[PDB]
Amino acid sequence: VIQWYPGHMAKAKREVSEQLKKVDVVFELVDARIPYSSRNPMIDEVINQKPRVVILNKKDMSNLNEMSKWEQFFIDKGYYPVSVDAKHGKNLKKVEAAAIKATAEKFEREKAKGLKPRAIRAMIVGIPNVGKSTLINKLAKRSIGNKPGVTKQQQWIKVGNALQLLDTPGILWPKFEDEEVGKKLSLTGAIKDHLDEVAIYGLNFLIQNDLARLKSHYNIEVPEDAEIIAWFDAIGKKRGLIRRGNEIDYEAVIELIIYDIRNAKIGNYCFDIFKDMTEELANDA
């Protein structure tokens, strides 16, 4: 867990801008389950119009259709979005490809100014737990100081044919200010720090978006006019999470729901629903 505090935030912003000076293209890594909510709130300030590949990681845990709506969003902003599964090695060569496309104009201008062709230089930036070290390791085909006194120095990794990748990610902070965004971040395991309200949010999401699947997963049936407590009760009763007679063990039920959602045990969802976020988008623009 990264402890954020104002000083550490300033140090992170400063350091990431410094790293960005060294590169032609930046890979902004986001969670495919929340392509918009898993972004740093000042990411655009930090990146400052640098050619950008947006990588929607953990696509194996998300909804492709909703993802494709976010990809359209990133395209409309002039970025180059791709989706990958960094852990299981799915769709990876598309990264270099995207970088080539994102820097094409820059290198045409370089070529016209007489310069030789060279390797594209890149780095990865994003909030914690979105898969940055996983992706670096997978691109490097190795596990990226050893002695206690000794600090790691940053190095380039040769990736694919024409790509040089900084071996150290830029780590920035998650969105803090909106309560719903906080619940989404908690539901994806992006942050881990009110759990009952997180479980309520996750339940309501599933009721509204995949009701039959939720029912099938816990093998329950719940009155459509019931309040959310009845879903907690149905789940607790069916799985026998019981306390002091036949009272429902709510903290156990809450924990089970959060686990099942975080680990894609019920289904593969994108919690950022594009059509529902139009106002927040209007605000951020």
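When you see a residue number, it is the position in the sequence shown, counting from 1.
- Modelled in this chain, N91 is nonetheless absent from a third or more of the other compared entries whose models extend past it on both sides.
- Unmodelled stretch separating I144 from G145: 1 to 3 residues (count of deposited-sequence residues without coordinates).
- Unmodelled stretch separating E177 from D178: none (count of deposited-sequence residues without coordinates).
- A summary of the deposited B-factors shows that, of 210-218 and 112-120, the stretch with the larger mean C-alpha value is 112-120.
- For the pair 261-269 and 11-19, the record assigns the higher mean C-alpha temperature factor to 11-19.
- Annotation for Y80, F205, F73, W156: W156 ranks highest, by Cα B-factor.
- Within the listed group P35, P41, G240, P223, the record reports its top CA B-factor for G240.
- The entry lists a Cα temperature factor for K69 that places it in the lowest third of the chain's modelled residues.
- Annotation for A86: C-alpha temperature factor in the middle third relative to the rest of the modelled chain, per the entry.
- In this PDB entry, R244 carries a Cα temperature factor that places it within the highest third of its chain's modelled residues.
- Sort the modelled residues of the chain by CA B factor and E28 lands in the lowest third.
- Placement of the Cα temperature factor of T103 within the chain: lowest third of the modelled residues, per the deposited record.
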